[PDB]
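Following: one structure in structure tokens, then a few remarks.
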Amino acid sequence: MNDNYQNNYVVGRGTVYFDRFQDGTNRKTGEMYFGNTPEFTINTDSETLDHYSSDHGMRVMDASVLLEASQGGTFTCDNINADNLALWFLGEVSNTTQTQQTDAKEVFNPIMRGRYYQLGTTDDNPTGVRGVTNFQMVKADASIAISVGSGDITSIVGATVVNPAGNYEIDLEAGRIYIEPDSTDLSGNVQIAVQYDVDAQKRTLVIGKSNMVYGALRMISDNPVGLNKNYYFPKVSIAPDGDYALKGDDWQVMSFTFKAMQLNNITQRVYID
Amino acid sequence: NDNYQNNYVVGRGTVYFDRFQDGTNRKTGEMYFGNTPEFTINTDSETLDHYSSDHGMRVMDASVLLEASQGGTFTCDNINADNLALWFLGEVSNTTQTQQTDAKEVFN
Amino acid sequence: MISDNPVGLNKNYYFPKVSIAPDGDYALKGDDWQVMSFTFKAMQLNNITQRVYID
């Protein structure tokens, strides 16, 4: 039996398969397919207690009972997209089309040169619009409470107008005006006001809410170097761990730590298939 | 659904920051730090676990997310007045030398 | 943030309210670049606005 045995080696490949339990309920509805996952590890907690024997050699162990078999693991994701971004930020993939305002106008409160202002501001679309056809600048003294209205497109309490050809850079697609660090007409405190419109277009945002991340986990293996074998966890809470680098010459990765739970008295801590 | 061209990126982006006045926000406009060699988004979460047990012993039944703690850190490749003001907890005092003649001092 | 990744798609990060403070040894000496570290933590600007937005 010995000296003629062969080891059932293994090299880890495949992909992890989490899926989202329905919000606030202990049930699953859908499936998710992670892409490339650089790392995938599993660990276990080993809480136990024993003082039930002793002799000439004081305090010799005689037993050990397991009180809490908190199994779990960690895995990383090289693939980045709306879904695992939502999981990492504890959120959802909001998607909608910008409403065609067509006469958007409001006043930037303070003056300042060499800075960027977002045209779209309202909660209809945080972080601003992603397209406009044009914008016109009209200004007046900042030291007076200058509101805005429908007919204020032409003028305000101060009827002065500006030539954006100079002193005003616009990423017209990104919806961000930029004041020149030096300008001729932007001197003296004036609450610059912008008329503008939108390029009504589809939009999608991940909203970093506080809802718990919750579901089940599979791994379907098909290792190209050894035996293939699938690991399943009926219940897991995949909280984010470590950090997410938005810089560096390395490929972006997001890490996840997950603790495995018992779905019911019927199921096991983990299923190894 | 065997395979799909998953998405990878390399982190190259510009960071903007605006200096609010007192209050919830008073947008002074977004300032451009310049090149940022590093930008990490940290995430921590205080949480507890509620328990039950089979004829064995403790098995966690529910977990509670006490309060989400998100954050991070970034670095800047350039040194200038705005970055110094944001780092040193103050403001930029541009002024004049107060020209005069025959200014005097004693150094005992 | 705007991420014009040279080998990947773009996404936009937006933190409505953050607290900025100095981070450790901002070194003006040594022949290294004048690197400075900025620590930031996020909180809800108002309970309507969520903690963070990633477009």
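So the protein sequences, as listed, match chains A, B and C.
All residue numbers for the first sequence refer to PDB author numbering, where the first residue is 1 and numbers rise by one.
All residue numbers for the second sequence refer to PDB author numbering, where the first residue is 2 and numbers rise by one.
All residue numbers for the third sequence refer to PDB author numbering, where the first residue is 219 and numbers rise by one.
Where is the CB? At the ideal position from N, CA and C, for every residue including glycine.
Unbroken stretches of the beta strand (DSSP E), 3 residues or longer, contained in the region 161-231 of chain A: Taking only runs of at least 3 residues, the beta strand (DSSP E) segments lying wholly in the region 161-231 of chain A are 168-171, 176-179, 193-196, 202-207, 215-219.
Boundaries (first-last residue) of the alpha helix (DSSP H) holding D83 (chain B): 82-89 is the extent of the alpha helix (DSSP H) around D83 (chain B).
CA-to-CA distance, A104 (chain A) to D83 (chain A), given in whole angstroms: For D83 (chain A) and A104 (chain A), the distance between alpha carbons rounds to 32 Å.
Where the beta strand (DSSP E) through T74 (chain B) begins and ends: The continuous beta strand (DSSP E) containing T74 (chain B) extends over residues 59-77.
Neighbour flag for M219 (chain C) against chain A, beta carbons, 8 Å: Yes, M219 (chain C) lies at the interface with chain A (some Cβ there is under 8 Å from its Cβ).
Among A:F108, A:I238, A:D78, nearest to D45 (chain B) - alpha-carbon criterion: Answer by Cα proximity: A:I238.
Three-way DSSP call (helix, strand, coil) for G131 (chain A) in this model: Coil at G131 (chain A), not helix or strand.
Neighbour-count burial assignment, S70 (chain B), 16 or more Cβ in a 10 Å radius: Classification for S70 (chain B): exposed.
Of the listed residues A:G226, A:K235, A:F258, A:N265, nearest to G12 (chain A) (C-alpha basis): The shortest Cα separation from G12 (chain A) among A:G226, A:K235, A:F258, A:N265 belongs to A:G226.
Selected residue, minimal CA-CA separation from residue 276 (chain A), among A:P234, A:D250, A:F108: Outside the displayed span of chain A (1 to 273) sits residue 276 (chain A), for which this structure offers no information.
Chain-ordered chain A contacts of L87 (chain B) [CB-CB under 7 Å]: The contacting residues do not exist; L87 (chain B) stays about 14 Å from chain A at best.
Inter-residue CB distance, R130 (chain A) and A174 (chain A) (contact presumed, cutoff 8 Å): About 7 Å separates the two Cβ atoms, so the contact holds.
Closer than 8 Å to chain B by CB, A245 (chain C): At a cut-off of 8 Å between beta carbons, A245 (chain C) makes no contact with chain B.
Contacting residues, own chain, Cβ-Cβ under 7 Å from residue 274 (chain A) (five flanking each side not counted): Since the first and last residues shown for chain A are 1 and 273, residue 274 (chain A) lies out of range.
8 Å Cβ cutoff, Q268 (chain C) in contact with chain B: It does not: the Cβ of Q268 (chain C) has no partner Cβ on chain B nearer than 8 Å.
The region 159-169 of chain A / the region 134-141 of chain A touching (three or more Cβ pairs under 8 Å): Yes: the two stretches touch, three or more of their Cβ pairs being nearer than 8 Å.
Residues from the region 212-242 of chain A in contact with chain B, defined by Cβ distance under 7 Å: Taking 7 Å as the Cβ-Cβ cut-off against chain B, the residues of the region 212-242 of chain A that qualify are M212, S237, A239, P240.
Straight-line Cα distance separating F258 (chain A) from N2 (chain A): Near 39 Å, if we compare the C-alpha coordinates of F258 (chain A) and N2 (chain A).
Coarse secondary structure for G242 (chain A), derived from DSSP in three states: Residue state, collapsed to three classes: strand.
Exposure of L87 (chain A), with buried meaning 16 or more beta-carbon neighbours within 10 Å: By the neighbour-count rule (16 or more Cβ atoms within 10 Å), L87 (chain A) is buried.
For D152 (chain A), three-class secondary structure by DSSP: Reduced to three states, the DSSP call for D152 (chain A) is helix.
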